[PDB]
Amino acid sequence: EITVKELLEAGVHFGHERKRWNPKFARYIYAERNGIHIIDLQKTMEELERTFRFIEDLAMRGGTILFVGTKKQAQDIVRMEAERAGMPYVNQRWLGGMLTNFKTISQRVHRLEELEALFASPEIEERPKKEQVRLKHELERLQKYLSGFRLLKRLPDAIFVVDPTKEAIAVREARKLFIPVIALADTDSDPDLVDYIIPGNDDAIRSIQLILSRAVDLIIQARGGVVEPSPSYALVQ
Amino acid sequence: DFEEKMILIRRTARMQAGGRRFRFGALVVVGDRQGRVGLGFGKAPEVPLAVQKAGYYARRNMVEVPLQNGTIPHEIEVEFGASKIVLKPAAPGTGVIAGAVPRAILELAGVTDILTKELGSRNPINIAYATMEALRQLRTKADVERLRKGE
Amino acid sequence: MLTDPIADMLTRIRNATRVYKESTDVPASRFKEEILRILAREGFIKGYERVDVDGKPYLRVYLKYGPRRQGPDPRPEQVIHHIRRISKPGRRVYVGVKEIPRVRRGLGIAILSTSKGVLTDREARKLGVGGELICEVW
Amino acid sequence: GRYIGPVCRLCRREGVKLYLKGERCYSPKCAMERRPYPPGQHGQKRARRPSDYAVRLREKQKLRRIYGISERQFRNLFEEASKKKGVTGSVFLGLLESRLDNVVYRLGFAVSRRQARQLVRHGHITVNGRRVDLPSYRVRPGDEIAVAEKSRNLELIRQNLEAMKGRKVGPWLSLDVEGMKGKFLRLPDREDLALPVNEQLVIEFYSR
RNA sequence: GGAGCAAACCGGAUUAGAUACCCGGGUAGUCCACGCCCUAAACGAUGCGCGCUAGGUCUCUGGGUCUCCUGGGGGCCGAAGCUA
RNA sequence: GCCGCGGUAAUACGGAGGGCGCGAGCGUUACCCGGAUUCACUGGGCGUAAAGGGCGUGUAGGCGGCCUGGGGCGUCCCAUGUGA
Ligand SMILES: [Mg+2]
Ligand SMILES: [Mg+2]
Ligand SMILES: [Mg+2]
Ligand SMILES: [Mg+2]
Ligand SMILES: [Mg+2]
Ligand SMILES: [Mg+2]
Ligand SMILES: [Mg+2]
Ligand SMILES: [Mg+2]
Ligand SMILES: [Mg+2]
Ligand SMILES: [Mg+2]
Ligand SMILES: [Mg+2]
Ligand SMILES: [Mg+2]
Ligand SMILES: [Mg+2]
Ligand SMILES: [Mg+2]
Ligand SMILES: [Mg+2]
Ligand SMILES: [Mg+2]
Ligand SMILES: [Mg+2]
Ligand SMILES: [Mg+2]
Ligand SMILES: [Mg+2]
Ligand SMILES: [Mg+2]
Ligand SMILES: [Mg+2]
Ligand SMILES: [Mg+2]
Ligand SMILES: [Mg+2]
Ligand SMILES: [Mg+2]
Ligand SMILES: [Mg+2]
Ligand SMILES: [Mg+2]
Ligand SMILES: [Mg+2]
Ligand SMILES: [Mg+2]
Ligand SMILES: [Mg+2]
Ligand SMILES: [Mg+2]
Ligand SMILES: [Mg+2]
Ligand SMILES: [Mg+2]
Ligand SMILES: [Mg+2]
Ligand SMILES: [Mg+2]
Ligand SMILES: [Mg+2]
Ligand SMILES: [Mg+2]
Ligand SMILES: [Mg+2]
Ligand SMILES: [Mg+2]
Ligand SMILES: [Mg+2]
Ligand SMILES: [Zn+2]
């Protein structure tokens with residue numbers, strides 16, 4: 001569902017950053033109780049609704065969302081939430097021009113489906129073992145970086161970010177491309193440059209997961225058939 | 001449909017062991033005379049490539065040139081770097097009064113009659129980039145009031 | 001010290017809008033309000049309430065801004081693009097009904113104090129007066 | 001005084017027919033249907049991208065060379081025209097056409113402007129019934145341009161007027177072919193006559 | 001007044017030369033008082049006073065209900081903005 | 001005129017052919033305004049490009065905070081004369 005209680009959000013899912021902040025978390029900040037800045041969970045909702053409202057309005061009209069999360073705290077959680085939504089993602093090091101230069105970056109996804117469908121083909125042993133290994137090594141390279149980018153043979157209509165700061169690069173072109181920006185960002189990064197914000201702990205899996213996990217449920221409820229709460233509470237904490 | 005027109009070309013020069021290499025600069029202006037112009041600067045190892053990629057960039061940049069009958073809505077001026085340009089609106093029958101740089105931009109945007117001067121730095125490149133901002137900052141009586149109604 | 005209060009306010013405003021904020025205050029003045037009185041009625045701003053700051057009477061001035069644009073620099077357009085003082089204390093500028101300005105071929109406004117109160121580039125011409133030309137805004 | 005000598009060469013210096021000749025500059029060529037290129041040893045050679053100046057210089061010479069009028073008398077008009085208000089550019093050609101030697105060329109009394117001058121000059125032309133031997137004469141609404149009696153003959157006039165049958169006059173003129181009389185009805189807007197000349201380029205050339 | 005130092009000066013070296021750099025001597029001067037001189041890369045190469053426009057960290061010095069907040073200073077990185 | 005042309009292939013010297021520009025004129029020199037926004041009232045500068053006085057104190061001078069009243073000098077409107 002799209003509904004979300006303020007109880008399970010009670011773990012760390014509201015500001016974990018302090019003074020390492022951007023002073024533009026004005027509206028999105030409650031108090032500085034004990035070092036860390038705590039985020040007014042109340043406004044989150046309103047920002048959420050406004051955000052989800054666009055997520056469904058876009059998901060229910062057959063769009064595509066690109067997920068970016070290089071962070072290790074929210075690294076794999078994107079892989080399972082992106083694959084569980086059939087949508088593209090960036091689990092590894094985000095490359096420059098992946099959008100503004102998407103045209104040429106794509107050509108390098110195109111090396112992969114030539115390498116991909118040549119692992120079982122006939123003309124394989126014909127090429128000396130000296131030449132092989134490396135190729136599959138290369139193939140492994142491509143997959144590592146392009147697994148969640150392998151799909152989506154065109155620029156998305158919006159992008160979801162685990163943190164606009166860690167990835168400002170990613171928003172910058174996207175933003176240069178008029179592409180709308182959704183993201184979860186703790187007091188670290190500055191809003192404004194964000195179109196639809198998820199004002200909360202962009203670190204600490206507990207918080208992150210909680211969001212995306214359901215969040216992606218709302219993405220499925222855009223076509224119909226929301227099932228099991230996708231992978232999660234694994235070795236969570 | 002679009003009318004290309006480069007108003008500046010030059011040969012820079014870098015230097016390396018034994019001799020000096022050259023790139024080429026291309027300043028091209030694009031428009032339609034409807035009220036839509038674009039400006040792009042293209043560098044390339046040779047002449048054409050630049051010119052060609054100038055129009056490429058020049059089409060990536062455009063403008064809402066509001067024309068109150070071959071002129072502009074209000075009196076505007078804009079300072080870019082050390083260079084300054086003056087656009088004062090003129091009544092029909094006057095013509096475009098400006099250097100060979102700015103006129104080339106006003107034409108491709110229509111503009112039947114206007115008064116202008118270049119102040120400070122006369123460097124075309126900076127005059128160019130200075131002129132677009134001017135236009136990119138024009139507001140018709142309509143664009144204005146909208147704001148002065150609020151909510 | 002404040003060798004010029006009016007200018008201070010104009011600048012007090014100019015410096016707020018540049019950074020985008022909801023309201024900045026400014027020391028109370030009969031003449032100061034009659035000036036803001038123009039900006040409200042001309043929609044250059046919202047309004048203001050004779051607020052108080054520690055016994056000292058100020059004027060919380062409320063600013064309007066265009067719609068949140070998108071792309072690089074989502075910061076909105078300015079409702080008040082430009083504002084500068086004309087008749088300063090170091091040089092007073094006095095003009096007659098025939099020597100009145102012409103801000104942006106109508107697109108702007110001009111504020112001047114006359115023997116018939118605080119008027120506008122227009123009203124001055126309508127009333128048929130003239131006096132100290134305060135500033136210009138657009 | 002006025003220009004004298006090679007003119008078909010101009011016909012092709014600007015790269016456009018301008019019918020300064022009678023039949024010829026109007027027959028198969030101003031010597032151009034033969035050679036549509038610029039005079040001088042460097043004719044059959046490619047040209048260099050004409051500068052914004054040379055363009056306005058050329059587009060100007062074109063117009064002045066058309067009415068075959070000195071740079072003197074010429075600019076005097078533009079200034080007088082520019083002095084006015086409205087558009088000036090349009091007003092300009094207005095003062096150009098108002099010339100006496102001009103009206104005559106249009107009213108078919110002569111084939112060429114240079115032939116039209118000889119007429120006015122020698123005194124074989126009239127205006128409201130006056131001997132006007134001055135090609136500089138400016139004409140207004142309703143002015144009658146006919147031939148004088150001493151001249152209402154001449155084997156050259158009948159030919160010119162005769163050829164004028166099977167031909168029309170400007171929306172600002174009217175000829176009594178059979179009587180030798182014509183009238184200046186109004187000042188012909190830019191529309192009333194189309195030309196290889198963009199005035200606006202001539203306006204620019206004068207704001208050096 | 002004069003220990004140390006040290007323009008000028010003398011001697012030893014180096015060098016083609018070495019009126020220098022290096023070594024050994026050495027006078028004014030460097031020190032005090034009184035009276036002059038009034039210059040300088042006298043520099044932050046940034047005149048003085050007042051108001052307005054994010055913050056982060058280090059340090060000196062106050063005041064407080066003393067994790068902190070608050071005032072006056074002294075550095076660094078930096079919002080917006082200015083700048084060739 | 002400025003930038004610069006001439007060193008045995010000079011569209012830059014000298015002549016020729018040809019072309020461009022004007023025409024009883026076409027050139028030159030000199031002088032004034034323009035461009036020069038390059039004295040900047042309109043309409044500029046002073047960290048490193050020329051430019052903050054070596055630093056204070058202070059004279060005259062310029063400038064001056066919130067409310068209310070008299071005066072109405074400046075300022076503003078109208079009217080009239082004069083501005084041949
Ligand atoms: Mg660029
Ligand atoms: Mg500047
Ligand atoms: Mg300059
Ligand atoms: Mg220049
Ligand atoms: Mg006119
Ligand atoms: Mg001129
Ligand atoms: Mg010695
Ligand atoms: Mg020796
Ligand atoms: Mg010897
Ligand atoms: Mg010694
Ligand atoms: Mg010693
Ligand atoms: Mg002595
Ligand atoms: Mg200072
Ligand atoms: Mg203490
Ligand atoms: Mg401090
Ligand atoms: Mg800094
Ligand atoms: Mg910046
Ligand atoms: Mg030779
Ligand atoms: Mg040579
Ligand atoms: Mg020469
Ligand atoms: Mg020669
Ligand atoms: Mg010749
Ligand atoms: Mg020649
Ligand atoms: Mg002369
Ligand atoms: Mg002039
Ligand atoms: Mg000044
Ligand atoms: Mg200057
Ligand atoms: Mg200063
Ligand atoms: Mg120096
Ligand atoms: Mg200096
Ligand atoms: Mg100093
Ligand atoms: Mg001083
Ligand atoms: Mg001194
Ligand atoms: Mg001093
Ligand atoms: Mg005093
Ligand atoms: Mg005083
Ligand atoms: Mg006072
Ligand atoms: Mg009083
Ligand atoms: Mg009078
Ligand atoms: Zn011909």
# chains A, B, ... in the order shown; residues from 1 in each chain; ligands from 1

call {"tool": "residues_near_ligand", "arguments": {"ligand": "ligand 9", "cutoff": "12 Å", "atoms": "only C-alpha atoms (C1' of nucleotides) and all ligand atoms", "output": "JSON, numbers by chain"}}
result
{"E": [15, 16, 17]}

call {"tool": "residues_near_ligand", "arguments": {"ligand": "ligand 24", "cutoff": "12 Å", "atoms": "only C-alpha atoms (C1' of nucleotides) and all ligand atoms", "output": "number ranges by chain"}}
result
F: 25-29

call {"tool": "select_by_dssp", "arguments": {"residues": "region 20-83 of chain D", "states": "alpha helix (DSSP H)", "output": "number ranges by chain"}}
result
D: 52-67, 71-83

call {"tool": "closest_atom_pairs", "arguments": {"of": "chain F", "to": "ligand 35", "cutoff": "9 Å", "atoms": "only C-alpha atoms (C1' of nucleotides) and all ligand atoms", "output": "CSV"}}
result
residue,atom,partner,partner_atom_place_in_ligand_line,distance
F:59,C1',ligand 35,1 (Mg),8.5
F:60,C1',ligand 35,1 (Mg),8.0
F:61,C1',ligand 35,1 (Mg),7.7

call {"tool": "select_by_dssp", "arguments": {"residues": "region 18-56 of chain C", "states": "strand (DSSP E or B)", "output": "short mmCIF file (atom, residue, chain, number, x, y, z; two decimals) with N, CA, C and O atoms, in the first residue's frame"}}
result
data_model
loop_
_atom_site.label_atom_id
_atom_site.label_comp_id
_atom_site.auth_asym_id
_atom_site.auth_seq_id
_atom_site.Cartn_x
_atom_site.Cartn_y
_atom_site.Cartn_z
N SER C 23 10.23 37.34 4.49
CA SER C 23 10.08 38.69 5.02
C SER C 23 11.31 39.21 5.76
O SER C 23 11.96 38.47 6.51
N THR C 24 11.61 40.49 5.55
CA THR C 24 12.67 41.18 6.29
C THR C 24 12.09 42.45 6.86
O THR C 24 11.29 43.12 6.20
N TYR C 48 2.55 44.17 4.71
CA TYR C 48 3.40 44.34 5.87
C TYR C 48 2.57 44.70 7.10
O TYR C 48 1.57 45.41 6.99
N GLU C 49 2.99 44.21 8.26
CA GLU C 49 2.31 44.54 9.51
C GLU C 49 3.25 45.24 10.49
O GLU C 49 4.30 44.70 10.85
N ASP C 52 6.69 44.62 15.93
CA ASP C 52 7.55 45.26 16.93
C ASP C 52 8.77 44.39 17.27
O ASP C 52 8.65 43.17 17.44
N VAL C 53 9.94 45.02 17.36
CA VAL C 53 11.17 44.32 17.69
C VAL C 53 11.86 44.92 18.92
O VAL C 53 12.66 45.85 18.80
N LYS C 56 11.16 48.45 19.88
CA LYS C 56 11.40 49.20 18.66
C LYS C 56 10.46 48.74 17.54
O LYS C 56 10.44 47.56 17.19
#

call {"tool": "residues_around", "arguments": {"residues": "region 53-55 of chain E", "least_positions_apart": "5", "cutoff": "12 Å", "atoms": "only C-alpha atoms (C1' of nucleotides)", "output": "PyMOL selection string"}}
result
(chain A and resi 19-26+190) or (chain C and resi 11-21+24) or (chain E and resi 77-81)

call {"tool": "closest_atom_pairs", "arguments": {"of": "region 63-131 of chain C", "to": "region 119-140 of chain B", "cutoff": "12 Å", "atoms": "only C-alpha atoms", "output": "tab-separated table"}}
result
residue	atom	partner	partner_atom	distance
C:77	CA	B:137	CA	9.8
C:78	CA	B:137	CA	10.9
C:79	CA	B:139	CA	11.5
C:81	CA	B:137	CA	10.0
C:104	CA	B:139	CA	10.1
C:105	CA	B:140	CA	10.7
C:106	CA	B:140	CA	10.5
C:107	CA	B:140	CA	7.9
C:108	CA	B:139	CA	10.9

call {"tool": "interface_residues", "arguments": {"of": "chain C", "to": "chain A", "cutoff": "9 Å", "atoms": "only C-alpha atoms", "output": "ChimeraX atom specification"}}
result
/C:70-75

call {"tool": "closest_atom_pairs", "arguments": {"of": "chain C", "to": "chain B", "cutoff": "12 Å", "atoms": "only C-alpha atoms", "output": "JSON lines"}}
result
{"residue": "C:39", "atom": "CA", "partner": "B:148", "partner_atom": "CA", "distance": 9.9}
{"residue": "C:40", "atom": "CA", "partner": "B:148", "partner_atom": "CA", "distance": 9.4}
{"residue": "C:41", "atom": "CA", "partner": "B:148", "partner_atom": "CA", "distance": 9.8}
{"residue": "C:42", "atom": "CA", "partner": "B:148", "partner_atom": "CA", "distance": 7.4}
{"residue": "C:43", "atom": "CA", "partner": "B:148", "partner_atom": "CA", "distance": 4.7}
{"residue": "C:44", "atom": "CA", "partner": "B:148", "partner_atom": "CA", "distance": 5.9}
{"residue": "C:45", "atom": "CA", "partner": "B:148", "partner_atom": "CA", "distance": 7.6}
{"residue": "C:46", "atom": "CA", "partner": "B:150", "partner_atom": "CA", "distance": 8.1}
{"residue": "C:47", "atom": "CA", "partner": "B:150", "partner_atom": "CA", "distance": 11.8}
{"residue": "C:62", "atom": "CA", "partner": "B:150", "partner_atom": "CA", "distance": 11.8}
{"residue": "C:63", "atom": "CA", "partner": "B:150", "partner_atom": "CA", "distance": 10.0}
{"residue": "C:64", "atom": "CA", "partner": "B:150", "partner_atom": "CA", "distance": 6.8}
{"residue": "C:65", "atom": "CA", "partner": "B:147", "partner_atom": "CA", "distance": 7.2}
{"residue": "C:66", "atom": "CA", "partner": "B:147", "partner_atom": "CA", "distance": 5.7}
{"residue": "C:67", "atom": "CA", "partner": "B:147", "partner_atom": "CA", "distance": 8.3}
{"residue": "C:68", "atom": "CA", "partner": "B:147", "partner_atom": "CA", "distance": 11.9}
{"residue": "C:76", "atom": "CA", "partner": "B:147", "partner_atom": "CA", "distance": 10.7}
{"residue": "C:77", "atom": "CA", "partner": "B:147", "partner_atom": "CA", "distance": 8.9}
{"residue": "C:78", "atom": "CA", "partner": "B:147", "partner_atom": "CA", "distance": 8.5}
{"residue": "C:79", "atom": "CA", "partner": "B:147", "partner_atom": "CA", "distance": 6.1}
{"residue": "C:80", "atom": "CA", "partner": "B:148", "partner_atom": "CA", "distance": 9.4}
{"residue": "C:81", "atom": "CA", "partner": "B:137", "partner_atom": "CA", "distance": 10.0}
{"residue": "C:82", "atom": "CA", "partner": "B:76", "partner_atom": "CA", "distance": 11.6}
{"residue": "C:102", "atom": "CA", "partner": "B:75", "partner_atom": "CA", "distance": 10.0}
{"residue": "C:103", "atom": "CA", "partner": "B:75", "partner_atom": "CA", "distance": 8.4}
{"residue": "C:104", "atom": "CA", "partner": "B:74", "partner_atom": "CA", "distance": 4.9}
{"residue": "C:105", "atom": "CA", "partner": "B:74", "partner_atom": "CA", "distance": 5.5}
{"residue": "C:106", "atom": "CA", "partner": "B:74", "partner_atom": "CA", "distance": 7.9}
{"residue": "C:107", "atom": "CA", "partner": "B:141", "partner_atom": "CA", "distance": 6.2}
{"residue": "C:108", "atom": "CA", "partner": "B:74", "partner_atom": "CA", "distance": 9.2}
{"residue": "C:138", "atom": "CA", "partner": "B:144", "partner_atom": "CA", "distance": 8.9}

call {"tool": "atom_distance", "arguments": {"atom1": "CA of residue 137 (chain C)", "atom2": "CA of residue 84 (chain C)"}}
result
7.4 Å

call {"tool": "atom_distance", "arguments": {"atom1": "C1' of residue 47 (chain F)", "atom2": "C1' of residue 75 (chain E)"}}
result
18.9 Å

call {"tool": "residues_near_ligand", "arguments": {"ligand": "ligand 1", "cutoff": "12 Å", "atoms": "only C-alpha atoms (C1' of nucleotides) and all ligand atoms", "output": "PyMOL selection string"}}
result
chain B and resi 27+39-43+54+57-58+60-61+125+129

call {"tool": "write_last_selection", "arguments": {"atoms": "N, CA, C and O atoms", "output": "PDB file, in the first residue's frame"}}
result
ATOM      1  N   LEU B  27      31.811  30.858 -33.970  1.00  0.00           N
ATOM      2  CA  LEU B  27      30.666  31.474 -33.323  1.00  0.00           C
ATOM      3  C   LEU B  27      29.532  31.593 -34.336  1.00  0.00           C
ATOM      4  O   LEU B  27      29.615  32.387 -35.274  1.00  0.00           O
ATOM      5  N   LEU B  39      22.336  30.767 -29.812  1.00  0.00           N
ATOM      6  CA  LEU B  39      23.765  31.075 -29.922  1.00  0.00           C
ATOM      7  C   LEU B  39      24.629  29.955 -29.358  1.00  0.00           C
ATOM      8  O   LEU B  39      24.412  29.502 -28.234  1.00  0.00           O
ATOM      9  N   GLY B  40      25.614  29.517 -30.137  1.00  0.00           N
ATOM     10  CA  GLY B  40      26.484  28.434 -29.719  1.00  0.00           C
ATOM     11  C   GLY B  40      27.896  28.610 -30.233  1.00  0.00           C
ATOM     12  O   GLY B  40      28.105  28.982 -31.387  1.00  0.00           O
ATOM     13  N   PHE B  41      28.869  28.341 -29.372  1.00  0.00           N
ATOM     14  CA  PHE B  41      30.274  28.489 -29.735  1.00  0.00           C
ATOM     15  C   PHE B  41      30.898  27.110 -29.948  1.00  0.00           C
ATOM     16  O   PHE B  41      30.843  26.245 -29.071  1.00  0.00           O
ATOM     17  N   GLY B  42      31.479  26.903 -31.125  1.00  0.00           N
ATOM     18  CA  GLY B  42      32.002  25.598 -31.487  1.00  0.00           C
ATOM     19  C   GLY B  42      33.489  25.571 -31.767  1.00  0.00           C
ATOM     20  O   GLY B  42      33.974  26.218 -32.697  1.00  0.00           O
ATOM     21  N   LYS B  43      34.217  24.815 -30.954  1.00  0.00           N
ATOM     22  CA  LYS B  43      35.647  24.626 -31.160  1.00  0.00           C
ATOM     23  C   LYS B  43      35.882  23.262 -31.803  1.00  0.00           C
ATOM     24  O   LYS B  43      35.195  22.290 -31.477  1.00  0.00           O
ATOM     25  N   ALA B  54      28.777  24.139 -34.182  1.00  0.00           N
ATOM     26  CA  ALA B  54      28.360  25.421 -33.639  1.00  0.00           C
ATOM     27  C   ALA B  54      26.844  25.512 -33.717  1.00  0.00           C
ATOM     28  O   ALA B  54      26.175  25.790 -32.724  1.00  0.00           O
ATOM     29  N   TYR B  57      25.190  23.260 -31.218  1.00  0.00           N
ATOM     30  CA  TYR B  57      25.067  23.915 -29.920  1.00  0.00           C
ATOM     31  C   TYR B  57      24.116  25.110 -29.980  1.00  0.00           C
ATOM     32  O   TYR B  57      23.387  25.387 -29.024  1.00  0.00           O
ATOM     33  N   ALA B  58      24.126  25.812 -31.109  1.00  0.00           N
ATOM     34  CA  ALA B  58      23.309  27.008 -31.288  1.00  0.00           C
ATOM     35  C   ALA B  58      21.818  26.688 -31.326  1.00  0.00           C
ATOM     36  O   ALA B  58      20.980  27.556 -31.081  1.00  0.00           O
ATOM     37  N   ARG B  60      20.677  24.096 -29.519  1.00  0.00           N
ATOM     38  CA  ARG B  60      20.428  23.639 -28.157  1.00  0.00           C
ATOM     39  C   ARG B  60      20.056  24.809 -27.248  1.00  0.00           C
ATOM     40  O   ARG B  60      19.448  24.623 -26.195  1.00  0.00           O
ATOM     41  N   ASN B  61      20.426  26.015 -27.664  1.00  0.00           N
ATOM     42  CA  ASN B  61      20.098  27.217 -26.907  1.00  0.00           C
ATOM     43  C   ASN B  61      19.119  28.102 -27.677  1.00  0.00           C
ATOM     44  O   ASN B  61      19.412  28.528 -28.788  1.00  0.00           O
ATOM     45  N   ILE B 125      32.884  37.594 -28.769  1.00  0.00           N
ATOM     46  CA  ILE B 125      32.501  36.392 -28.043  1.00  0.00           C
ATOM     47  C   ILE B 125      31.714  36.756 -26.803  1.00  0.00           C
ATOM     48  O   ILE B 125      30.665  36.173 -26.532  1.00  0.00           O
ATOM     49  N   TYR B 129      27.502  36.254 -26.019  1.00  0.00           N
ATOM     50  CA  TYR B 129      26.967  35.708 -24.769  1.00  0.00           C
ATOM     51  C   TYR B 129      26.244  36.761 -23.928  1.00  0.00           C
ATOM     52  O   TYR B 129      25.398  36.430 -23.091  1.00  0.00           O
TER      53      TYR B 129
END

call {"tool": "residues_around", "arguments": {"residues": "region 91-107 of chain B", "least_positions_apart": "5", "cutoff": "7 Å", "atoms": "only C-alpha atoms (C1' of nucleotides)", "output": "ChimeraX atom specification"}}
result
/B:7,29,33,112-117,124,128,131 /D:86-88

call {"tool": "write_last_selection", "arguments": {"atoms": "N, CA and C atoms", "output": "CSV table (one decimal), in the first residue's frame"}}
result
chain,number,residue,atom,x,y,z
B,7,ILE,N,29.0,34.6,-37.1
B,7,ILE,CA,29.5,36.0,-37.2
B,7,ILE,C,30.9,36.1,-36.6
B,29,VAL,N,25.2,32.0,-35.2
B,29,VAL,CA,23.9,32.4,-34.8
B,29,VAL,C,22.8,31.7,-35.6
B,33,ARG,N,13.5,34.4,-37.6
B,33,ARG,CA,12.9,35.7,-37.8
B,33,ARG,C,11.5,35.7,-37.3
B,112,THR,N,12.5,44.5,-36.5
B,112,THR,CA,12.6,45.4,-37.7
B,112,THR,C,13.3,46.7,-37.4
B,113,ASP,N,13.2,47.2,-36.1
B,113,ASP,CA,13.8,48.5,-35.7
B,113,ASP,C,14.2,48.5,-34.2
B,114,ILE,N,15.4,48.8,-34.0
B,114,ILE,CA,16.0,48.9,-32.6
B,114,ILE,C,17.2,49.8,-32.5
B,115,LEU,N,17.4,50.3,-31.3
B,115,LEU,CA,18.6,51.1,-31.0
B,115,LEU,C,19.5,50.4,-30.0
B,116,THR,N,20.8,50.4,-30.3
B,116,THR,CA,21.8,49.7,-29.4
B,116,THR,C,23.2,50.3,-29.5
B,117,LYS,N,24.0,50.0,-28.4
B,117,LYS,CA,25.4,50.3,-28.5
B,117,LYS,C,26.2,49.3,-27.7
B,124,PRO,N,33.7,40.3,-29.4
B,124,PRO,CA,32.5,39.7,-29.9
B,124,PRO,C,32.0,38.5,-29.1
B,128,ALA,N,28.5,38.6,-27.7
B,128,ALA,CA,27.5,37.5,-28.1
B,128,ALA,C,26.8,37.0,-26.8
B,131,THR,N,24.4,39.3,-25.3
B,131,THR,CA,23.2,39.6,-26.0
B,131,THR,C,22.0,38.7,-25.7
D,86,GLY,N,7.7,58.6,-40.6
D,86,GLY,CA,7.3,57.2,-40.9
D,86,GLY,C,8.5,56.2,-41.1
D,87,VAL,N,8.7,55.9,-42.3
D,87,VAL,CA,9.6,54.8,-42.7
D,87,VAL,C,10.9,55.3,-43.4
D,88,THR,N,10.8,56.4,-44.1
D,88,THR,CA,11.9,57.0,-44.8
D,88,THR,C,12.4,56.1,-46.0
